[PDB]
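Participant: Input upload_22.pdb, format and content: PDB, C-alpha atoms and all ligand atoms.
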```pdb
ATOM      1  CA  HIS A   1      65.151  49.083 311.367  1.00  0.00           C
ATOM      2  CA  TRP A   2      68.926  49.262 310.668  1.00  0.00           C
ATOM      3  CA  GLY A   3      70.569  52.524 311.753  1.00  0.00           C
ATOM      4  CA  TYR A   4      73.718  53.850 313.397  1.00  0.00           C
ATOM      5  CA  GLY A   5      73.118  53.422 317.161  1.00  0.00           C
ATOM      6  CA  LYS A   6      74.236  50.798 319.727  1.00  0.00           C
ATOM      7  CA  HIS A   7      71.386  48.414 318.851  1.00  0.00           C
ATOM      8  CA  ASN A   8      70.842  48.771 315.099  1.00  0.00           C
ATOM      9  CA  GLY A   9      74.303  50.010 314.089  1.00  0.00           C
ATOM     10  CA  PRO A  10      76.739  48.585 311.500  1.00  0.00           C
ATOM     11  CA  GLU A  11      77.868  45.840 313.924  1.00  0.00           C
ATOM     12  CA  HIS A  12      74.300  44.473 313.780  1.00  0.00           C
ATOM     13  CA  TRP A  13      73.709  44.743 310.026  1.00  0.00           C
ATOM     14  CA  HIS A  14      75.042  41.280 309.185  1.00  0.00           C
ATOM     15  CA  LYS A  15      72.023  39.669 310.901  1.00  0.00           C
ATOM     16  CA  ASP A  16      69.575  41.049 308.297  1.00  0.00           C
ATOM     17  CA  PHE A  17      72.168  41.424 305.511  1.00  0.00           C
ATOM     18  CA  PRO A  18      74.647  38.472 305.595  1.00  0.00           C
ATOM     19  CA  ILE A  19      76.669  40.011 302.762  1.00  0.00           C
ATOM     20  CA  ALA A  20      77.913  42.465 305.449  1.00  0.00           C
ATOM     21  CA  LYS A  21      80.737  39.953 305.938  1.00  0.00           C
ATOM     22  CA  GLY A  22      81.193  39.364 302.206  1.00  0.00           C
ATOM     23  CA  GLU A  23      84.332  39.446 300.058  1.00  0.00           C
ATOM     24  CA  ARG A  24      84.107  43.011 298.619  1.00  0.00           C
ATOM     25  CA  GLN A  25      82.654  45.260 301.346  1.00  0.00           C
ATOM     26  CA  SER A  26      82.947  49.031 301.670  1.00  0.00           C
ATOM     27  CA  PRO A  27      84.245  51.288 302.910  1.00  0.00           C
ATOM     28  CA  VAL A  28      87.922  50.304 303.391  1.00  0.00           C
ATOM     29  CA  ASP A  29      91.107  51.931 304.656  1.00  0.00           C
ATOM     30  CA  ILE A  30      93.207  53.277 301.814  1.00  0.00           C
ATOM     31  CA  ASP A  31      96.769  52.338 302.546  1.00  0.00           C
ATOM     32  CA  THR A  32      98.564  54.832 300.293  1.00  0.00           C
ATOM     33  CA  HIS A  33     101.820  52.866 300.354  1.00  0.00           C
ATOM     34  CA  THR A  34     100.150  49.611 299.281  1.00  0.00           C
ATOM     35  CA  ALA A  35      98.067  51.194 296.448  1.00  0.00           C
ATOM     36  CA  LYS A  36      99.620  50.872 293.012  1.00  0.00           C
ATOM     37  CA  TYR A  37      99.754  53.513 290.274  1.00  0.00           C
ATOM     38  CA  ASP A  38      97.900  51.989 287.368  1.00  0.00           C
ATOM     39  CA  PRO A  39      99.131  53.219 283.978  1.00  0.00           C
ATOM     40  CA  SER A  40      96.214  51.469 282.148  1.00  0.00           C
ATOM     41  CA  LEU A  41      93.687  53.788 283.836  1.00  0.00           C
ATOM     42  CA  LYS A  42      92.233  56.114 281.155  1.00  0.00           C
ATOM     43  CA  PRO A  43      91.603  59.721 282.172  1.00  0.00           C
ATOM     44  CA  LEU A  44      88.520  60.219 284.419  1.00  0.00           C
ATOM     45  CA  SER A  45      85.567  62.102 282.912  1.00  0.00           C
ATOM     46  CA  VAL A  46      83.028  63.872 285.133  1.00  0.00           C
ATOM     47  CA  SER A  47      80.376  65.633 283.043  1.00  0.00           C
ATOM     48  CA  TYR A  48      77.949  67.529 285.232  1.00  0.00           C
ATOM     49  CA  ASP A  49      77.136  70.486 282.885  1.00  0.00           C
ATOM     50  CA  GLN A  50      73.604  69.366 282.114  1.00  0.00           C
ATOM     51  CA  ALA A  51      72.810  67.971 285.601  1.00  0.00           C
ATOM     52  CA  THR A  52      69.151  68.301 286.636  1.00  0.00           C
ATOM     53  CA  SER A  53      68.536  68.162 290.383  1.00  0.00           C
ATOM     54  CA  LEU A  54      64.886  67.579 291.453  1.00  0.00           C
ATOM     55  CA  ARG A  55      64.668  67.442 295.249  1.00  0.00           C
ATOM     56  CA  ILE A  56      66.263  66.894 298.622  1.00  0.00           C
ATOM     57  CA  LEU A  57      64.988  64.125 300.938  1.00  0.00           C
ATOM     58  CA  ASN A  58      65.744  63.184 304.505  1.00  0.00           C
ATOM     59  CA  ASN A  59      65.477  59.394 304.528  1.00  0.00           C
ATOM     60  CA  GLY A  60      66.130  58.972 308.251  1.00  0.00           C
ATOM     61  CA  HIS A  61      69.808  58.010 307.629  1.00  0.00           C
ATOM     62  CA  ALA A  62      71.145  60.896 305.537  1.00  0.00           C
ATOM     63  CA  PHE A  63      69.799  63.366 302.937  1.00  0.00           C
ATOM     64  CA  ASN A  64      69.619  62.578 299.254  1.00  0.00           C
ATOM     65  CA  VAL A  65      69.869  65.218 296.558  1.00  0.00           C
ATOM     66  CA  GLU A  66      68.056  63.481 293.716  1.00  0.00           C
ATOM     67  CA  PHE A  67      68.622  63.928 290.002  1.00  0.00           C
ATOM     68  CA  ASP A  68      66.623  63.338 286.856  1.00  0.00           C
ATOM     69  CA  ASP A  69      68.395  60.278 285.424  1.00  0.00           C
ATOM     70  CA  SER A  70      65.910  59.565 282.584  1.00  0.00           C
ATOM     71  CA  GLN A  71      68.543  60.934 280.172  1.00  0.00           C
ATOM     72  CA  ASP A  72      72.366  61.072 279.981  1.00  0.00           C
ATOM     73  CA  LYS A  73      72.685  64.558 281.575  1.00  0.00           C
ATOM     74  CA  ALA A  74      75.295  64.073 284.289  1.00  0.00           C
ATOM     75  CA  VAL A  75      77.668  61.191 283.473  1.00  0.00           C
ATOM     76  CA  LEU A  76      80.806  59.458 284.778  1.00  0.00           C
ATOM     77  CA  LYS A  77      83.167  57.583 282.476  1.00  0.00           C
ATOM     78  CA  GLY A  78      86.884  56.915 281.986  1.00  0.00           C
ATOM     79  CA  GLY A  79      89.292  55.894 284.738  1.00  0.00           C
ATOM     80  CA  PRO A  80      88.492  52.293 285.709  1.00  0.00           C
ATOM     81  CA  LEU A  81      85.025  52.451 284.172  1.00  0.00           C
ATOM     82  CA  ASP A  82      83.643  50.718 281.134  1.00  0.00           C
ATOM     83  CA  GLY A  83      80.963  52.729 279.362  1.00  0.00           C
ATOM     84  CA  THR A  84      78.670  55.335 280.894  1.00  0.00           C
ATOM     85  CA  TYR A  85      77.423  55.719 284.453  1.00  0.00           C
ATOM     86  CA  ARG A  86      74.579  58.129 285.161  1.00  0.00           C
ATOM     87  CA  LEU A  87      74.297  60.346 288.283  1.00  0.00           C
ATOM     88  CA  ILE A  88      71.203  59.416 290.301  1.00  0.00           C
ATOM     89  CA  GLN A  89      71.786  61.102 293.686  1.00  0.00           C
ATOM     90  CA  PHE A  90      74.294  62.427 296.128  1.00  0.00           C
ATOM     91  CA  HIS A  91      74.461  62.300 299.913  1.00  0.00           C
ATOM     92  CA  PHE A  92      76.998  62.646 302.714  1.00  0.00           C
ATOM     93  CA  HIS A  93      78.187  60.831 305.813  1.00  0.00           C
ATOM     94  CA  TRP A  94      79.519  62.995 308.659  1.00  0.00           C
ATOM     95  CA  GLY A  95      80.458  62.816 312.346  1.00  0.00           C
ATOM     96  CA  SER A  96      79.432  64.316 315.686  1.00  0.00           C
ATOM     97  CA  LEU A  97      82.878  65.928 315.859  1.00  0.00           C
ATOM     98  CA  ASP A  98      85.370  67.028 313.118  1.00  0.00           C
ATOM     99  CA  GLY A  99      87.770  64.175 313.910  1.00  0.00           C
ATOM    100  CA  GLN A 100      85.365  61.574 312.438  1.00  0.00           C
ATOM    101  CA  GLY A 101      82.641  61.146 309.792  1.00  0.00           C
ATOM    102  CA  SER A 102      84.300  59.820 306.621  1.00  0.00           C
ATOM    103  CA  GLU A 103      83.630  56.233 305.565  1.00  0.00           C
ATOM    104  CA  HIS A 104      86.828  55.633 303.650  1.00  0.00           C
ATOM    105  CA  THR A 105      89.984  56.427 305.570  1.00  0.00           C
ATOM    106  CA  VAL A 106      93.438  57.358 304.243  1.00  0.00           C
ATOM    107  CA  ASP A 107      96.298  55.729 306.147  1.00  0.00           C
ATOM    108  CA  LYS A 108      93.781  55.300 309.000  1.00  0.00           C
ATOM    109  CA  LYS A 109      92.934  59.057 308.909  1.00  0.00           C
ATOM    110  CA  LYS A 110      89.227  59.915 309.263  1.00  0.00           C
ATOM    111  CA  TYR A 111      87.860  63.060 307.563  1.00  0.00           C
ATOM    112  CA  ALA A 112      85.016  65.205 309.003  1.00  0.00           C
ATOM    113  CA  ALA A 113      82.695  63.942 306.305  1.00  0.00           C
ATOM    114  CA  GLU A 114      82.540  62.237 302.945  1.00  0.00           C
ATOM    115  CA  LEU A 115      80.354  62.979 299.930  1.00  0.00           C
ATOM    116  CA  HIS A 116      79.055  60.167 297.746  1.00  0.00           C
ATOM    117  CA  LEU A 117      77.869  60.819 294.193  1.00  0.00           C
ATOM    118  CA  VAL A 118      76.025  57.671 293.109  1.00  0.00           C
ATOM    119  CA  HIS A 119      75.954  56.627 289.436  1.00  0.00           C
ATOM    120  CA  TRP A 120      74.450  53.636 287.620  1.00  0.00           C
ATOM    121  CA  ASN A 121      75.758  51.771 284.565  1.00  0.00           C
ATOM    122  CA  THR A 122      73.460  52.769 281.655  1.00  0.00           C
ATOM    123  CA  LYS A 123      74.105  49.277 280.015  1.00  0.00           C
ATOM    124  CA  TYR A 124      71.656  48.007 282.719  1.00  0.00           C
ATOM    125  CA  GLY A 125      68.684  50.203 281.823  1.00  0.00           C
ATOM    126  CA  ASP A 126      67.815  51.424 285.379  1.00  0.00           C
ATOM    127  CA  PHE A 127      69.269  51.681 288.943  1.00  0.00           C
ATOM    128  CA  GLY A 128      67.295  48.638 290.165  1.00  0.00           C
ATOM    129  CA  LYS A 129      68.692  46.325 287.503  1.00  0.00           C
ATOM    130  CA  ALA A 130      72.251  47.697 287.885  1.00  0.00           C
ATOM    131  CA  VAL A 131      72.286  46.823 291.618  1.00  0.00           C
ATOM    132  CA  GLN A 132      71.952  43.193 290.461  1.00  0.00           C
ATOM    133  CA  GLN A 133      75.372  43.510 288.727  1.00  0.00           C
ATOM    134  CA  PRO A 134      79.043  43.394 289.812  1.00  0.00           C
ATOM    135  CA  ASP A 135      79.707  46.523 287.724  1.00  0.00           C
ATOM    136  CA  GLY A 136      76.291  48.163 287.932  1.00  0.00           C
ATOM    137  CA  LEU A 137      77.276  51.127 290.125  1.00  0.00           C
ATOM    138  CA  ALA A 138      80.007  53.784 290.306  1.00  0.00           C
ATOM    139  CA  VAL A 139      80.252  55.968 293.403  1.00  0.00           C
ATOM    140  CA  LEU A 140      82.561  58.998 293.462  1.00  0.00           C
ATOM    141  CA  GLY A 141      83.743  59.562 297.037  1.00  0.00           C
ATOM    142  CA  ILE A 142      85.008  63.004 298.069  1.00  0.00           C
ATOM    143  CA  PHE A 143      86.311  63.828 301.531  1.00  0.00           C
ATOM    144  CA  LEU A 144      85.346  66.901 303.523  1.00  0.00           C
ATOM    145  CA  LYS A 145      87.605  68.671 305.996  1.00  0.00           C
ATOM    146  CA  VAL A 146      86.673  71.660 308.119  1.00  0.00           C
ATOM    147  CA  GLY A 147      88.386  74.898 307.075  1.00  0.00           C
ATOM    148  CA  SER A 148      87.039  77.618 304.741  1.00  0.00           C
ATOM    149  CA  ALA A 149      83.426  77.550 303.603  1.00  0.00           C
ATOM    150  CA  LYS A 150      82.509  75.781 300.386  1.00  0.00           C
ATOM    151  CA  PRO A 151      80.368  78.250 298.371  1.00  0.00           C
ATOM    152  CA  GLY A 152      78.761  75.603 296.153  1.00  0.00           C
ATOM    153  CA  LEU A 153      77.554  73.678 299.225  1.00  0.00           C
ATOM    154  CA  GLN A 154      75.567  76.544 300.816  1.00  0.00           C
ATOM    155  CA  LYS A 155      72.381  76.054 298.791  1.00  0.00           C
ATOM    156  CA  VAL A 156      72.324  72.574 300.363  1.00  0.00           C
ATOM    157  CA  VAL A 157      73.122  73.864 303.876  1.00  0.00           C
ATOM    158  CA  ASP A 158      70.303  76.455 303.732  1.00  0.00           C
ATOM    159  CA  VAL A 159      67.594  73.986 302.589  1.00  0.00           C
ATOM    160  CA  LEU A 160      68.291  71.631 305.588  1.00  0.00           C
ATOM    161  CA  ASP A 161      66.056  73.567 308.022  1.00  0.00           C
ATOM    162  CA  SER A 162      63.135  72.507 305.824  1.00  0.00           C
ATOM    163  CA  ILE A 163      63.951  68.749 305.809  1.00  0.00           C
ATOM    164  CA  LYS A 164      64.824  68.323 309.503  1.00  0.00           C
ATOM    165  CA  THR A 165      63.044  65.007 310.066  1.00  0.00           C
ATOM    166  CA  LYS A 166      62.737  61.545 308.443  1.00  0.00           C
ATOM    167  CA  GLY A 167      60.570  61.620 305.316  1.00  0.00           C
ATOM    168  CA  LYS A 168      60.541  65.381 304.794  1.00  0.00           C
ATOM    169  CA  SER A 169      61.452  66.498 301.322  1.00  0.00           C
ATOM    170  CA  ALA A 170      61.872  69.899 299.690  1.00  0.00           C
ATOM    171  CA  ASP A 171      62.099  70.980 296.058  1.00  0.00           C
ATOM    172  CA  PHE A 172      65.685  71.392 294.987  1.00  0.00           C
ATOM    173  CA  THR A 173      66.081  72.194 291.275  1.00  0.00           C
ATOM    174  CA  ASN A 174      69.022  73.796 289.425  1.00  0.00           C
ATOM    175  CA  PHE A 175      71.641  72.598 291.910  1.00  0.00           C
ATOM    176  CA  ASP A 176      75.049  72.311 290.204  1.00  0.00           C
ATOM    177  CA  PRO A 177      77.115  69.407 291.559  1.00  0.00           C
ATOM    178  CA  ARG A 178      80.285  70.831 289.903  1.00  0.00           C
ATOM    179  CA  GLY A 179      80.365  73.193 292.900  1.00  0.00           C
ATOM    180  CA  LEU A 180      81.283  70.257 295.147  1.00  0.00           C
ATOM    181  CA  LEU A 181      84.334  69.014 293.229  1.00  0.00           C
ATOM    182  CA  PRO A 182      87.905  69.630 294.332  1.00  0.00           C
ATOM    183  CA  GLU A 183      90.434  71.061 291.893  1.00  0.00           C
ATOM    184  CA  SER A 184      92.218  67.708 291.377  1.00  0.00           C
ATOM    185  CA  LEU A 185      90.580  64.540 290.074  1.00  0.00           C
ATOM    186  CA  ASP A 186      93.433  62.306 291.332  1.00  0.00           C
ATOM    187  CA  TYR A 187      91.876  59.157 292.803  1.00  0.00           C
ATOM    188  CA  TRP A 188      92.133  55.652 294.202  1.00  0.00           C
ATOM    189  CA  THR A 189      89.840  52.952 292.861  1.00  0.00           C
ATOM    190  CA  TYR A 190      88.736  49.516 294.085  1.00  0.00           C
ATOM    191  CA  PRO A 191      85.729  47.100 293.722  1.00  0.00           C
ATOM    192  CA  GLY A 192      83.314  47.344 296.625  1.00  0.00           C
ATOM    193  CA  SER A 193      79.737  47.643 297.859  1.00  0.00           C
ATOM    194  CA  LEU A 194      77.077  50.065 299.081  1.00  0.00           C
ATOM    195  CA  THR A 195      78.070  51.179 302.594  1.00  0.00           C
ATOM    196  CA  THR A 196      74.444  51.138 303.710  1.00  0.00           C
ATOM    197  CA  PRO A 197      72.002  48.239 303.774  1.00  0.00           C
ATOM    198  CA  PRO A 198      71.402  46.214 301.670  1.00  0.00           C
ATOM    199  CA  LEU A 199      75.220  46.452 301.250  1.00  0.00           C
ATOM    200  CA  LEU A 200      75.107  45.156 297.645  1.00  0.00           C
ATOM    201  CA  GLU A 201      78.510  44.323 296.184  1.00  0.00           C
ATOM    202  CA  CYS A 202      77.966  46.213 292.942  1.00  0.00           C
ATOM    203  CA  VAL A 203      80.205  49.277 293.263  1.00  0.00           C
ATOM    204  CA  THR A 204      83.317  50.536 291.562  1.00  0.00           C
ATOM    205  CA  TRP A 205      84.624  53.038 294.075  1.00  0.00           C
ATOM    206  CA  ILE A 206      86.436  56.148 292.937  1.00  0.00           C
ATOM    207  CA  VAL A 207      87.761  58.061 295.934  1.00  0.00           C
ATOM    208  CA  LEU A 208      89.354  61.459 295.202  1.00  0.00           C
ATOM    209  CA  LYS A 209      92.698  62.149 296.946  1.00  0.00           C
ATOM    210  CA  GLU A 210      92.086  65.897 297.335  1.00  0.00           C
ATOM    211  CA  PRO A 211      89.457  66.767 299.929  1.00  0.00           C
ATOM    212  CA  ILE A 212      87.152  69.773 299.734  1.00  0.00           C
ATOM    213  CA  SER A 213      87.076  72.092 302.695  1.00  0.00           C
ATOM    214  CA  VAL A 214      83.786  73.269 304.252  1.00  0.00           C
ATOM    215  CA  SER A 215      83.239  75.648 307.188  1.00  0.00           C
ATOM    216  CA  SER A 216      82.605  74.681 310.797  1.00  0.00           C
ATOM    217  CA  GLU A 217      79.224  76.468 310.377  1.00  0.00           C
ATOM    218  CA  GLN A 218      78.368  74.388 307.275  1.00  0.00           C
ATOM    219  CA  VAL A 219      79.103  71.027 309.069  1.00  0.00           C
ATOM    220  CA  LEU A 220      77.208  72.250 312.119  1.00  0.00           C
ATOM    221  CA  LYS A 221      73.977  72.598 310.106  1.00  0.00           C
ATOM    222  CA  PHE A 222      74.458  69.000 308.886  1.00  0.00           C
ATOM    223  CA  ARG A 223      74.501  68.077 312.590  1.00  0.00           C
ATOM    224  CA  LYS A 224      71.128  69.753 313.329  1.00  0.00           C
ATOM    225  CA  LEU A 225      69.348  67.144 311.177  1.00  0.00           C
ATOM    226  CA  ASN A 226      67.270  64.413 312.740  1.00  0.00           C
ATOM    227  CA  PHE A 227      67.287  60.634 312.375  1.00  0.00           C
ATOM    228  CA  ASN A 228      63.715  60.541 313.780  1.00  0.00           C
ATOM    229  CA  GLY A 229      60.507  61.679 312.058  1.00  0.00           C
ATOM    230  CA  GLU A 230      58.461  64.781 312.983  1.00  0.00           C
ATOM    231  CA  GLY A 231      57.071  64.774 316.537  1.00  0.00           C
ATOM    232  CA  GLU A 232      59.384  62.062 317.914  1.00  0.00           C
ATOM    233  CA  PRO A 233      62.184  62.330 320.503  1.00  0.00           C
ATOM    234  CA  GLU A 234      65.161  64.145 318.968  1.00  0.00           C
ATOM    235  CA  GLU A 235      68.055  61.957 317.747  1.00  0.00           C
ATOM    236  CA  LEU A 236      70.598  64.193 316.035  1.00  0.00           C
ATOM    237  CA  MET A 237      71.618  62.920 312.596  1.00  0.00           C
ATOM    238  CA  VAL A 238      75.312  62.339 313.324  1.00  0.00           C
ATOM    239  CA  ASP A 239      77.856  59.598 312.923  1.00  0.00           C
ATOM    240  CA  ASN A 240      75.976  58.123 309.937  1.00  0.00           C
ATOM    241  CA  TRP A 241      79.126  56.346 308.691  1.00  0.00           C
ATOM    242  CA  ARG A 242      80.136  52.701 308.387  1.00  0.00           C
ATOM    243  CA  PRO A 243      83.698  51.969 309.569  1.00  0.00           C
ATOM    244  CA  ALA A 244      86.455  50.509 307.367  1.00  0.00           C
ATOM    245  CA  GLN A 245      85.843  46.875 306.385  1.00  0.00           C
ATOM    246  CA  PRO A 246      88.352  44.042 305.647  1.00  0.00           C
ATOM    247  CA  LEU A 247      90.159  44.522 302.328  1.00  0.00           C
ATOM    248  CA  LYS A 248      90.385  40.723 301.705  1.00  0.00           C
ATOM    249  CA  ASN A 249      91.623  39.782 298.205  1.00  0.00           C
ATOM    250  CA  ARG A 250      91.441  43.252 296.649  1.00  0.00           C
ATOM    251  CA  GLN A 251      93.833  45.745 295.150  1.00  0.00           C
ATOM    252  CA  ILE A 252      93.422  49.531 295.379  1.00  0.00           C
ATOM    253  CA  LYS A 253      94.796  51.274 292.241  1.00  0.00           C
ATOM    254  CA  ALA A 254      96.038  54.894 292.097  1.00  0.00           C
ATOM    255  CA  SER A 255      95.398  57.210 289.085  1.00  0.00           C
ATOM    256  CA  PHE A 256      98.624  59.137 289.920  1.00  0.00           C
TER
HETATM  257 HG    HG B 301      75.973  43.461 292.688  1.00  0.00          HG
HETATM  258 ZN    ZN B 302      77.157  56.954 301.017  1.00  0.00          ZN
END
```
Before anything else, please render the file you have as structure tokens.
Facilitator:
Amino acid sequence: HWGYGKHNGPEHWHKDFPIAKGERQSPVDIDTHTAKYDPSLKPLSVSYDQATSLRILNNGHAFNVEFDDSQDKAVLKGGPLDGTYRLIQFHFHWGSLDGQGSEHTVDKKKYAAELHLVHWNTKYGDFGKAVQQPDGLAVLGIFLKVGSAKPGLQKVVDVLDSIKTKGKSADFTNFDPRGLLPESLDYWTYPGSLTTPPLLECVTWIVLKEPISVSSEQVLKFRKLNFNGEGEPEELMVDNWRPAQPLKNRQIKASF
């Protein structure tokens, strides 16, 4: 099916998912000199104290750390957002080398990776209903650069040996996503879409300005993952990122 290679990569996705060429597609380039400080943006609230992780899954495209979202335990509100958005999962996109991997770019600059923390508008009852809505989803994007290790990422790094191939899952409880946040919550925001099929245009994007740094050895373990399922030829899970899409008639706002 859809993937990241020459023959099923993002340049092909439009054939199964015509909205690929839609009016509010993600990711985009963040032109810092075109983005406008928005004084009407309320402060951003990230409440991950009571977050309940359940498991980690390799879905043949990335890995998802999944959360119990049957209660308001880890929530996003404030900033551009109306009401409450509930954390369902996080995942990353990364490159084969450090000079690429992010989905969003800043002044055309690509980071080594990007973390996405995916939240759904509790107004819509469940994730499935929210992805039928222009304001159903809120994704918090955080860039990764290679430098010093990120201590609160290592529990993730160490579990990856056990979910090497498509469809493998491991138990993954008591993971604290607060360990992945940078010091600053400064951000850019714009209306967009999922960056993976079915590319639904339901997302308010909140991209933090301040990246987190991870070690070369942390990003390397990411790169030992497999796109393929157990017992198949080895395709390293790398370059699982969609490139910047046309901005069209959209405005990126700054919180700062
Ligand atoms: Hg939508
Ligand atoms: Zn993503």
Participant: Give me, as a Markdown table, each residue of stretch 139-198 of chain A that comes within 12 Å of stretch 12-30 of chain A, together with its shortest interatomic pair and the distance in Å at one decimal, counting all atoms listed in the file, with rows ordered by chain and rising residue number.
Facilitator:
```
| residue | atom | partner | partner_atom | distance |
| --- | --- | --- | --- | --- |
| A:139 | CA | A:26 | CA | 11.1 |
| A:141 | CA | A:27 | CA | 10.2 |
| A:187 | CA | A:30 | CA | 10.8 |
| A:188 | CA | A:30 | CA | 8.0 |
| A:189 | CA | A:30 | CA | 9.6 |
| A:190 | CA | A:24 | CA | 9.2 |
| A:191 | CA | A:24 | CA | 6.6 |
| A:192 | CA | A:24 | CA | 4.8 |
| A:193 | CA | A:25 | CA | 5.1 |
| A:194 | CA | A:26 | CA | 6.5 |
| A:195 | CA | A:26 | CA | 5.4 |
| A:196 | CA | A:26 | CA | 9.0 |
| A:197 | CA | A:17 | CA | 7.0 |
| A:198 | CA | A:17 | CA | 6.2 |
```
Participant: Rounded to one decimal place, report the atom CA of residue A:122-atom CA of residue A:90 distance in Å.
Facilitator: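 A separation of 17.4 Å between them.
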Participant: I'd like to see the residues matched by the PyMOL selection byres (((not hetatm)) within 6 of (chain B and resi 301)) on this file, and ideally I'd get them as a PyMOL selection string.
Facilitator: chain A and resi 131-134+200-202
Participant: Distance atom CA of residue A:75-atom CA of residue A:51, one decimal place?
Facilitator: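 So the two atoms, atom CA of residue A:75 and atom CA of residue A:51, lie 8.6 Å apart.
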Participant: Kindly give the distance, in Å, that separates atom CA of residue A:199 and atom CA of residue A:129, rounded to a single decimal.
Facilitator: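 Interatomic distance here is 15.2 Å.
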Participant: Show me which residues line ligand ZN 302 (chain B), defined as having an atom within 7 Å of a ligand atom where all atoms listed in the file count, and present them as a PyMOL selection string.
Facilitator: chain A and resi 91-93+115-116+195-196
Participant: If we count only C-alpha atoms and set the cut-off at 10 Å, which residues sit around residue A:224, ignoring sequence neighbours fewer than 6 positions away in its own chain? Please answer as a ChimeraX atom specification.
Facilitator: /A:160-161,164-165,234-238
Participant: Residues picked by the PyMOL selection byres (((chain A and resi 253) around 7) and not hetatm) here, as a PyMOL selection string?
Facilitator: chain A and resi 35-38+188-190+251-252+254-255
Participant: Could you dump the residues just selected with C-alpha atoms as a PDB file, in the coordinates of the input?
Facilitator:
```pdb
ATOM      1  CA  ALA A  35      98.067  51.194 296.448  1.00  0.00           C
ATOM      2  CA  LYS A  36      99.620  50.872 293.012  1.00  0.00           C
ATOM      3  CA  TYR A  37      99.754  53.513 290.274  1.00  0.00           C
ATOM      4  CA  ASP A  38      97.900  51.989 287.368  1.00  0.00           C
ATOM      5  CA  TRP A 188      92.133  55.652 294.202  1.00  0.00           C
ATOM      6  CA  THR A 189      89.840  52.952 292.861  1.00  0.00           C
ATOM      7  CA  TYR A 190      88.736  49.516 294.085  1.00  0.00           C
ATOM      8  CA  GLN A 251      93.833  45.745 295.150  1.00  0.00           C
ATOM      9  CA  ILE A 252      93.422  49.531 295.379  1.00  0.00           C
ATOM     10  CA  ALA A 254      96.038  54.894 292.097  1.00  0.00           C
ATOM     11  CA  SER A 255      95.398  57.210 289.085  1.00  0.00           C
TER      12      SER A 255
END
```
Participant: How big is the axis-aligned box, and where does its centre sit, when it encloses all atoms of stretch 174-188 of chain A listed in the file and has 6 Å added on every side, reported in Å to one decimal as AutoDock Vina command-line options?
Facilitator:
```
--center_x 81.2 --center_y 64.7 --center_z 292.3 --size_x 36.4 --size_y 30.1 --size_z 17.7
```
Participant: Taking into account all atoms listed in the file, which residue in the set A:162, A:105, A:52, A:174 is nearest to residue A:211?
Facilitator: A:105
Participant: Counting only C-alpha atoms, which residue out of A:144, A:156, A:163, A:87 sits closest to residue A:127?
Facilitator: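 Using only C-alpha atoms, residue A:127 sits closest to A:87.
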Participant: Taking the partial coordinates given, rebuild stretch 172-184 of chain A to contain N, CA and C atoms; return it as a CSV table (one decimal), in the frame of the given file.
Facilitator:
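And here's part36.csv as it stands now:
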```csv
chain,number,residue,atom,x,y,z
A,172,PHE,N,64.3,71.1,295.0
A,172,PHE,CA,65.7,71.4,295.0
A,172,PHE,C,66.2,71.3,293.6
A,173,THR,N,65.7,72.2,292.7
A,173,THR,CA,66.1,72.2,291.3
A,173,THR,C,67.3,73.1,291.0
A,174,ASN,N,67.9,73.0,289.9
A,174,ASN,CA,69.0,73.8,289.4
A,174,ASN,C,70.2,73.8,290.4
A,175,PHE,N,70.4,72.7,291.1
A,175,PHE,CA,71.6,72.6,291.9
A,175,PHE,C,72.8,72.1,291.0
A,176,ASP,N,73.9,72.7,291.0
A,176,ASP,CA,75.0,72.3,290.2
A,176,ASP,C,76.1,71.5,291.0
A,177,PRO,N,76.2,70.2,290.7
A,177,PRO,CA,77.1,69.4,291.6
A,177,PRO,C,78.6,69.7,291.3
A,178,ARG,N,78.9,70.4,290.2
A,178,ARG,CA,80.3,70.8,289.9
A,178,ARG,C,80.9,71.7,291.0
A,179,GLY,N,80.0,72.4,291.7
A,179,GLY,CA,80.4,73.2,292.9
A,179,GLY,C,80.9,72.4,294.1
A,180,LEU,N,80.8,71.1,294.0
A,180,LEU,CA,81.3,70.3,295.1
A,180,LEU,C,82.6,69.6,294.9
A,181,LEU,N,83.1,69.7,293.6
A,181,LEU,CA,84.3,69.0,293.2
A,181,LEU,C,85.6,69.8,293.7
A,182,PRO,N,86.6,69.0,294.1
A,182,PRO,CA,87.9,69.6,294.3
A,182,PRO,C,88.6,69.9,293.0
A,183,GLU,N,89.7,70.7,293.1
A,183,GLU,CA,90.4,71.1,291.9
A,183,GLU,C,91.0,69.8,291.2
A,184,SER,N,91.6,68.9,292.0
A,184,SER,CA,92.2,67.7,291.4
A,184,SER,C,91.3,66.5,291.3
```
